[PDB]
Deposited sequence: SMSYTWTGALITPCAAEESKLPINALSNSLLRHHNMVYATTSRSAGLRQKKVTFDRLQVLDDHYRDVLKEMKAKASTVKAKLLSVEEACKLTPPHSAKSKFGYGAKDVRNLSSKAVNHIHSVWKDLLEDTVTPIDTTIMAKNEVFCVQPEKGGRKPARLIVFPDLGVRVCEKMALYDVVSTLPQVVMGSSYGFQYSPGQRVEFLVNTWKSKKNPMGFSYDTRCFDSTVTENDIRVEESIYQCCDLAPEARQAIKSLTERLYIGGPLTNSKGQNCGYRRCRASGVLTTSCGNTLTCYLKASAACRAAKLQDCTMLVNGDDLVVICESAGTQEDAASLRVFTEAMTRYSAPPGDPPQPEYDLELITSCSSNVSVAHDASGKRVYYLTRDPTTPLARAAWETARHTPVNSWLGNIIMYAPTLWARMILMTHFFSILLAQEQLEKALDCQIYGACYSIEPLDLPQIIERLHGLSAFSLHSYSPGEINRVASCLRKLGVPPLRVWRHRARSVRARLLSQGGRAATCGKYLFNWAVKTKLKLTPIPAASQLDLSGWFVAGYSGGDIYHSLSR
């Protein structure tokens, strides 16, 4: 059916959206923008299209295998307390007279509404449930993106989704998909898995596969198959019912309502802001892509899936032969309703593959041993840092990036330096901050960063040094592009920040010792001193 239909009501912003940047970080302010509701119409047109889906034996057989692993999962209901506790403090308020504070505080109004909504889910498995549609405000750098579309139900329901399904989405995928399930990995563990399966092959080939607006390609069938996979678990008979009702009344589609309460149309594909979105997309992508691998007769495949993001590493059959089987894989994905954005291409070098917006690169530790780490073109992370350093923002990409990308040349020399300089200057190293990891919101203390890095990465991450020239280029190149100081300058700024940090002692001294040991010249020798990378909750309204 049609992915979306539109009345003509506009997608309407709730508050004023600043499209541009209000300068110690980057001179070229004008290359940095935020998407707004102004660009909705374009995104609307890219994401709205009909879906033809043609299954086959290869799909049916994979689905049957998934279902048998799923059948060995036990999962439980969460109490309202447990589900209320998972809500982020600044989650959108309900239209029925209570917000997230009340949810978090177990106010008997919020609880009693939630009981009413849970009750309605069990009595009625048919009425589509309302959703709100919103343009996202996301920052990037020039060379332009239309705002992405978020779609989400009222708070009362979000809390019900938790009761019904939090344990399924936190436990099932890793059982069904084993090592393919990407969100069970920290960065370090992810590099290790990619690198080791690269070396496990006689003659390796790998490829990323970019699905054209994945959410829109997901059909109502896809979502019901998905439901049927959850039902394989040993579930409470009430949980079994709420899940049926949630998928029929919400996951499958429903009316779309703007900030003004006008009706915008009707969704028949994935909602990006429900609890199952991450688990759904991951299971759905793993299913089709596994099917696609069989159609293409790809030998000895390893997959790594993160929502709609896919990498495959396998045995080469030769260059002609690989390219040809890649096209088959693509025809097969396209039959299953998941056609390609960029055409997918074979790569014979692990470092040249991008997945979850990252590629492996190689460097050396203090002994001179070769160490692998994940990195990326740093344009967006710097862009959003420039923004977060400028306007005030409730979420901090920079800290997330520090954590995700601690070993990188760009995160060490630029981010840590910049933000520790700012916290230092505003006497604010102590304040916990909200950042996002695999879509869950964590409150994190910057002073704890050394411990966090040693655990997610290893002591090596404070001492890496002979970075690949390709990496080094992309970095200084990005910096020229954006108008940010060259790396020589950061080294000098870091030397100073290192020093002030040490002069404060305790944990700020530890930050000085460990984080900026790269900057010194003659190095201090460094000695040693979660429930975090377990599953994906993007769009899922989660707080740990």
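In this chain the deposited sequence has gaps in the coordinates at 23 to 27, 149 to 153, 540 to 547, 563 to 566, listed in sequence order.
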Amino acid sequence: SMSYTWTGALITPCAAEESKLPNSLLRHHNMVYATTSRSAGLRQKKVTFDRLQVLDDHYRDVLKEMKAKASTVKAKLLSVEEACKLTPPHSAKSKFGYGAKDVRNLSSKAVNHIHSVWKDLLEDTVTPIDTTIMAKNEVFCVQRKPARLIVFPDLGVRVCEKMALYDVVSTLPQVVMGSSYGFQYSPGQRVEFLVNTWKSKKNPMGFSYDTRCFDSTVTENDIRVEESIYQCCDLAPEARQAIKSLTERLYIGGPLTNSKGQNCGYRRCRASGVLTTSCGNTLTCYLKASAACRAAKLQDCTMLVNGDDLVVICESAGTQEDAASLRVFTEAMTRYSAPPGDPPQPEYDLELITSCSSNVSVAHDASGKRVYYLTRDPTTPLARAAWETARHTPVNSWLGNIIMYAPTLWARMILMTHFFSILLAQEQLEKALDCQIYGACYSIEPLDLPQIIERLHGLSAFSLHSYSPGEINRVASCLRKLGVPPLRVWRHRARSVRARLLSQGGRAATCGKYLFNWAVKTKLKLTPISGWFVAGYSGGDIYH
From here on, numbers count along this sequence of modelled residues.
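Just so we're on the same page, rigid core means the largest C-alpha set that superposes within 1.5 Å between forms.
Between 272 to 280 and 434 to 442, the larger mean CA deviation from the shown form in 4 other deposited structures of this protein, after core superposition, belongs to 434 to 442. Between 265 to 273 and 434 to 442, the higher mean Cα B-factor belongs to 434 to 442. Across the two stretches, 161 to 169 and 368 to 376, the PDB entry reports the greater mean Cα temperature factor for 368 to 376.
Ranking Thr354, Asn137, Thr247, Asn196 by Cα temperature factor from the entry places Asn137 first.
As recorded in the entry, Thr389 carries the highest CA temperature factor of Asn112, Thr389, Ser200, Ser278.
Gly254: CA B factor lies in the lowest third for its chain, per the PDB record.
The entry lists a Cα temperature factor for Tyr4 that places it in the middle third of the chain's modelled residues.
Ranked within its chain, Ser325 lands in the middle third, by CA B factor from the PDB record. Per the PDB record, residue ranking by Cα B-factor puts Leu63 in the middle third of the chain. Split the chain's modelled residues into thirds by C-alpha temperature factor. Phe462 is in the middle one.
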